[PDB]
>>> print(open('target10.txt').read())   # compact mmCIF, C-alpha atoms
# COMPACT_ATOMS: atom_id res chain seq x y z
CA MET A 1 -164.60 -111.76 -88.80
CA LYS A 2 -166.90 -114.84 -88.38
CA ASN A 3 -169.49 -115.94 -85.70
CA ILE A 4 -167.91 -119.21 -84.59
CA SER A 5 -167.74 -121.36 -81.31
CA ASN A 6 -164.79 -120.12 -79.17
CA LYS A 7 -164.15 -122.37 -76.12
CA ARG A 8 -162.49 -119.49 -74.21
CA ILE A 9 -164.82 -116.57 -74.91
CA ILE A 10 -167.77 -118.67 -73.61
CA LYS A 11 -165.69 -120.01 -70.64
CA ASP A 12 -164.67 -116.38 -69.75
CA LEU A 13 -168.24 -115.03 -70.07
CA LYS A 14 -169.53 -117.79 -67.73
CA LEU A 15 -166.71 -116.80 -65.34
CA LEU A 16 -167.55 -113.06 -65.47
CA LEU A 17 -171.28 -113.76 -64.86
CA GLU A 18 -170.42 -115.88 -61.87
CA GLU A 19 -168.29 -113.02 -60.41
CA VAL A 20 -170.76 -110.24 -61.20
CA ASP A 21 -173.48 -112.17 -59.22
CA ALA A 22 -171.14 -112.78 -56.30
CA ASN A 23 -170.24 -109.03 -56.31
CA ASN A 24 -173.90 -107.79 -56.44
CA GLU A 25 -174.53 -109.29 -52.98
CA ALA A 26 -171.55 -107.57 -51.16
CA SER A 27 -164.89 -101.98 -51.87
CA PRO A 28 -164.99 -98.15 -52.32
CA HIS A 29 -161.66 -98.37 -54.29
CA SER A 30 -162.85 -100.93 -56.82
CA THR A 31 -165.21 -100.40 -59.71
CA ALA A 32 -168.33 -102.56 -59.75
CA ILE A 33 -169.54 -104.23 -62.96
CA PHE A 34 -173.29 -104.81 -62.34
CA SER A 35 -174.78 -105.76 -65.77
CA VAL A 36 -173.40 -107.88 -68.62
CA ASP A 37 -175.53 -108.20 -71.79
CA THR A 38 -174.03 -109.65 -75.09
CA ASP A 39 -174.59 -109.14 -78.82
CA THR A 40 -172.97 -112.22 -80.37
CA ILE A 41 -170.45 -113.78 -77.98
CA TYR A 42 -167.94 -111.40 -79.58
CA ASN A 43 -169.48 -108.31 -78.22
CA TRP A 44 -170.14 -107.79 -74.53
CA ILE A 45 -171.95 -104.64 -73.45
CA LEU A 46 -171.30 -103.85 -69.76
CA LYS A 47 -172.73 -101.36 -67.19
CA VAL A 48 -170.29 -100.22 -64.52
CA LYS A 49 -169.89 -97.89 -61.56
CA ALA A 50 -166.53 -96.24 -60.97
CA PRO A 51 -165.15 -96.43 -57.36
CA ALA A 52 -166.72 -94.06 -54.74
CA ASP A 53 -162.98 -93.39 -54.16
CA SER A 54 -162.55 -91.55 -57.48
CA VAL A 55 -163.44 -88.30 -59.31
CA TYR A 56 -165.49 -90.49 -61.70
CA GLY A 57 -167.70 -92.30 -59.13
CA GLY A 58 -168.94 -89.09 -57.49
CA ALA A 59 -172.72 -89.11 -58.13
CA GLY A 60 -172.64 -92.93 -58.58
CA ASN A 61 -173.14 -92.49 -62.34
CA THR A 62 -173.32 -95.48 -64.68
CA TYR A 63 -170.63 -96.03 -67.31
CA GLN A 64 -171.31 -98.18 -70.31
CA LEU A 65 -168.61 -100.18 -72.09
CA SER A 66 -168.16 -102.54 -75.04
CA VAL A 67 -165.80 -105.49 -74.98
CA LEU A 68 -165.14 -106.59 -78.56
CA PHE A 69 -163.42 -109.94 -79.26
CA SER A 70 -161.86 -111.52 -82.34
CA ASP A 71 -161.79 -115.02 -83.77
CA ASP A 72 -158.24 -115.30 -82.42
CA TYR A 73 -158.99 -114.90 -78.68
CA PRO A 74 -157.13 -115.73 -76.37
CA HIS A 75 -154.00 -115.05 -78.48
CA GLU A 76 -155.13 -111.41 -78.72
CA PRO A 77 -157.18 -109.83 -76.00
CA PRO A 78 -160.42 -107.92 -76.59
CA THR A 79 -160.76 -104.21 -77.10
CA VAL A 80 -162.47 -102.15 -74.43
CA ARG A 81 -164.37 -99.00 -75.52
CA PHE A 82 -166.38 -96.49 -73.49
CA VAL A 83 -169.89 -96.04 -74.83
CA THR A 84 -170.42 -93.35 -72.17
CA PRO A 85 -168.21 -90.31 -72.79
CA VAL A 86 -165.40 -89.97 -70.22
CA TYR A 87 -163.07 -86.95 -69.89
CA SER A 88 -159.63 -88.54 -69.52
CA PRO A 89 -156.04 -88.57 -70.85
CA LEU A 90 -156.48 -92.32 -71.55
CA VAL A 91 -159.81 -92.14 -73.54
CA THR A 92 -160.56 -90.45 -76.91
CA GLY A 93 -163.78 -88.61 -77.91
CA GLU A 94 -164.73 -91.89 -79.72
CA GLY A 95 -164.36 -93.92 -76.48
CA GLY A 96 -161.09 -95.52 -77.69
CA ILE A 97 -158.16 -96.63 -75.58
CA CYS A 98 -154.59 -97.29 -76.68
CA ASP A 99 -154.08 -101.02 -77.28
CA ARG A 100 -150.92 -100.74 -75.25
CA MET A 101 -152.86 -100.39 -72.05
CA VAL A 102 -153.87 -104.02 -72.34
CA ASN A 103 -151.38 -105.44 -74.86
CA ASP A 104 -148.14 -104.72 -73.04
CA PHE A 105 -149.34 -106.99 -70.20
CA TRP A 106 -151.34 -109.69 -72.00
CA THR A 107 -150.60 -113.37 -71.76
CA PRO A 108 -153.15 -115.88 -73.26
CA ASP A 109 -153.36 -117.45 -69.77
CA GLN A 110 -155.46 -114.47 -68.51
CA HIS A 111 -159.22 -113.94 -68.52
CA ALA A 112 -161.59 -111.34 -70.02
CA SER A 113 -162.37 -110.39 -66.40
CA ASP A 114 -158.68 -109.50 -65.83
CA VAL A 115 -158.66 -107.28 -68.91
CA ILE A 116 -161.83 -105.51 -67.80
CA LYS A 117 -160.59 -104.89 -64.27
CA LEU A 118 -157.22 -103.62 -65.53
CA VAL A 119 -158.86 -100.99 -67.71
CA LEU A 120 -161.44 -99.77 -65.21
CA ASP A 121 -158.78 -99.38 -62.56
CA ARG A 122 -156.32 -97.76 -64.93
CA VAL A 123 -158.76 -95.12 -66.15
CA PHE A 124 -160.85 -94.42 -63.04
CA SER A 125 -158.11 -94.90 -60.42
CA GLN A 126 -154.55 -94.97 -61.74
CA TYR A 127 -154.83 -92.19 -64.29
CA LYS A 128 -152.38 -89.73 -62.55
CA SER A 129 -149.37 -91.95 -63.42
CA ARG A 130 -148.53 -91.52 -67.08
CA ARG A 131 -147.22 -94.36 -69.33
CA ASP A 132 -147.30 -95.14 -73.08
CA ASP A 133 -151.13 -95.35 -73.27
CA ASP A 134 -152.10 -91.68 -73.33
CA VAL A 135 -154.58 -90.99 -76.19
CA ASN A 136 -155.84 -87.49 -75.20
CA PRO A 137 -152.95 -85.12 -74.52
CA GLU A 138 -155.11 -82.01 -73.90
CA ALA A 139 -156.62 -83.93 -70.97
CA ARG A 140 -153.11 -84.91 -69.73
CA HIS A 141 -151.82 -81.33 -69.94
CA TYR A 142 -154.84 -80.09 -68.07
CA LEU A 143 -154.51 -82.65 -65.23
CA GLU A 144 -150.80 -81.87 -64.96
CA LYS A 145 -151.27 -78.10 -64.61
CA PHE A 146 -154.77 -77.73 -63.25
CA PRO A 147 -155.19 -80.85 -61.05
CA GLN A 148 -158.05 -79.22 -59.20
CA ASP A 149 -159.87 -77.70 -62.27
CA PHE A 150 -159.58 -81.16 -64.02
CA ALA A 151 -161.68 -82.69 -61.18
CA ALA A 152 -164.53 -80.10 -61.51
CA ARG A 153 -164.50 -80.83 -65.24
CA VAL A 154 -164.90 -84.63 -64.76
CA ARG A 155 -168.08 -83.96 -62.72
CA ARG A 156 -169.36 -81.91 -65.64
CA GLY A 157 -168.80 -84.52 -68.44
>>> encode(input="target10.txt", output="C-alpha cells")
Amino acid sequence: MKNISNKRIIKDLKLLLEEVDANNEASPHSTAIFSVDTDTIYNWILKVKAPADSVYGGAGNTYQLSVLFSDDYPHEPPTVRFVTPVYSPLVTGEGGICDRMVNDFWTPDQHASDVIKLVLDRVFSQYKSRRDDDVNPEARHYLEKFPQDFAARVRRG
C-alpha cells in the first residue's frame, strides 16, 4: 500500500460530503450518514444511524464504520467494516463483511457513496433475504427459527 493522489477517491469523498450536508437539513426507511472524518484519503471513518424502520435503528443508536480503499480504486471497491459491534448474519465479530456483498455488483463507474448505501441497506434493512454473503451462520439460524427472539437480541447488542 502507498499514500498517493487518487483522482477518484478525492472526487468521491467531495461527493459524499456534499450529500451528507444536503441530508443533514432534511426517510424512516433509509439510513442516515451524519459524520465523515478521514485518516489518509484511504480510510474514511463514518458515523451512521440505521433506519427508524428497522430493528437496528430502535433507540436511534450511532453505528461507526470504516471504509478502507486501495491504490487500485475504482477497479476494486473499498471494504466496509463495522467498528460498532452489530449482531447480524452478514457481519462477523470482527466487523467484517463478505466481499461478495459489494463485489458481485461492482462496476468502476459507481461511487463510494453507492457502496456505502448498498451495505447499510443490506445489513440494516434487507437482511431477511439470504444470498451468498452470509458470514455469521449462528445469527442466520437464529433469525430463521426465532425471528422474534432475534429482534430482542439486536436491541441488546
>>> closest_residue(input="target10.txt", among="A:120, A:10, A:68, A:154", to="residue 48 in chain A", atoms="all atoms listed in the file")
A:120
>>> atom_distance(input="target10.txt", atom1="CA of residue 63 in chain A", atom2="CA of residue 51 in chain A")
11.4 Å
>>> atom_distance(input="target10.txt", atom1="CA of residue 22 in chain A", atom2="CA of residue 113 in chain A")
13.6 Å
>>> closest_residue(input="target10.txt", among="A:52, A:4, A:86, A:116", to="residue 36 in chain A", atoms="only C-alpha atoms")
A:116
>>> closest_residue(input="target10.txt", among="A:16, A:156, A:144, A:43", to="residue 71 in chain A", atoms="all atoms listed in the file")
A:43
>>> closest_residue(input="target10.txt", among="A:73, A:44, A:105, A:56", to="residue 155 in chain A", atoms="all atoms listed in the file")
A:56
>>> closest_residue(input="target10.txt", among="A:151, A:123, A:25, A:3", to="residue 81 in chain A", atoms="only C-alpha atoms")
A:123
>>> atom_distance(input="target10.txt", atom1="CA of residue 141 in chain A", atom2="CA of residue 122 in chain A")
17.8 Å
>>> axis_aligned_box(input="target10.txt", around="range 62-68 of chain A", padding_each_side="5 Å", output="lines of an AutoDock Vina configuration file")
center_x = -169.2
center_y = -101.0
center_z = -71.6
size_x = 18.2
size_y = 21.1
size_z = 23.9
>>> residues_around(input="target10.txt", residues="residue 97 in chain A", least_positions_apart="4", cutoff="8 Å", atoms="only C-alpha atoms", output="JSON, numbers by chain")
{"A": [80, 81, 90, 91, 92, 101, 133, 135]}
>>> residues_around(input="target10.txt", residues="residue 143 in chain A", least_positions_apart="5", cutoff="12 Å", atoms="all atoms listed in the file", output="list in words")
residues 87, 88, 89, 90, 127, 128, 129, 130, 136, 137, 138, 148, 149, 150, 151, 152, 153 and 154 of chain A
>>> closest_residue(input="target10.txt", among="A:65, A:55, A:46, A:98", to="residue 157 in chain A", atoms="all atoms listed in the file")
A:55
